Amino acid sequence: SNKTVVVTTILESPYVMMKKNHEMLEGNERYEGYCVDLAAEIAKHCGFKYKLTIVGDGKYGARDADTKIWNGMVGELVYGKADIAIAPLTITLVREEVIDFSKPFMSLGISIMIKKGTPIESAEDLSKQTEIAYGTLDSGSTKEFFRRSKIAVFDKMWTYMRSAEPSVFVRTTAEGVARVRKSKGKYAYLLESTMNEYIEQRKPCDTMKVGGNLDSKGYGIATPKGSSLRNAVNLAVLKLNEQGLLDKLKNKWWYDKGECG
């Protein structure tokens, strides 16, 4: 018997954003963005009503090494606080062991954001110097990439980042971007290419993406194990891709948005 599906998501541009007039709107209407549009399409194809909820702790999801407790959107699924996560949530092994992911709806890789003119072209460049600090988001997949890497350059970078003072890590993507912008070239931020490429086309047009991506992976829609939504959501992602809807939404929220010419 049909119940409203609780969707957990995260305020992250341009995936989910508060509309300019949000104070006078209610419920799902408060929000706009790629994942807001994706949620409406998935719900229509799968035949469910839903409520968008912003993850309580503002995090993507990681497992505490000591307590083994998951936080973020992953934790909301694991502990039964939400039915589905529709967000830029990276498909990773440690997550797929505890939740299920749809096929990917978007490709990405880890990338470098600099303030324009910063003399860095690559991860190797960052690793060979100390004047420019660099770091990642907490409680996400990029931090874990570095923590786990056995590649020489990335291992060196992790050894630096994990002990750097003051802390190079940030609580949100927006904090990382602000830190690049205010640091006069002395901070570079490691973040997913999707977010990097969005910000490069927003005023004040003072950042850019440098070097190749460090890896290749995808975002997926996540459900708790045993969910009755799993198969329908997976097939709906593939239907949306084949209809060209995912490519339409990417153009709508990245390039049609562009403010830097």
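All residue numbers are counted from 1 along the displayed sequence. Rigid core: the largest C-alpha set superposing within 1.5 Å between the two forms.
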**Request:** On a core superposition, give the stretch, 221-229 or 207-215, with the larger average C-alpha separation from this form in 5 other deposited structures of this protein (RMS over structures and residues).
**Result:** 207-215
**Request:** Going by root mean square C-alpha distance after a core fit, say whether 101-109 or 125-133 is farther from the shown form in 5 other deposited structures of this protein.
**Result:** 125-133
**Request:** Going by the average Cα B-factor in the PDB entry, point out whether 160-168 or 68-76 comes out higher.
**Result:** 160-168
**Prompt:** Would 215-223 or 42-50 have the larger average of its C-alpha temperature factors, as given in the entry?
**Reply:** 42-50
**Asked** Out of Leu246, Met18, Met24, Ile10, which shows the largest CA B-factor listed in the entry?
**Response** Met24
**Fill in**
In this crystal structure's PDB entry, the residue among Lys143, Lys103, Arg95, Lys182 with the greatest CA B factor is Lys182
**Prompt:** Which third of the chain does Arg202 land in by C-alpha B-factor: lowest, middle or highest?
**Reply:** highest
**Chain-wide C-alpha B factor ranking for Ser149, given as lowest, middle or highest third** = highest
**Prompt:** According to the PDB entry, is the CA B factor of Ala123 in the bottom, middle or top third of its chain, that is, lowest, middle or highest?
**Reply:** highest
**Request:** Please rank the C-alpha B-factors of the chain's modelled residues and tell me whether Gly117 sits in the lowest, middle or highest third.
**Result:** highest
**Asked** In terms of the chain's CA B-factor thirds, is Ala133 lowest, middle or highest?
**Response** highest
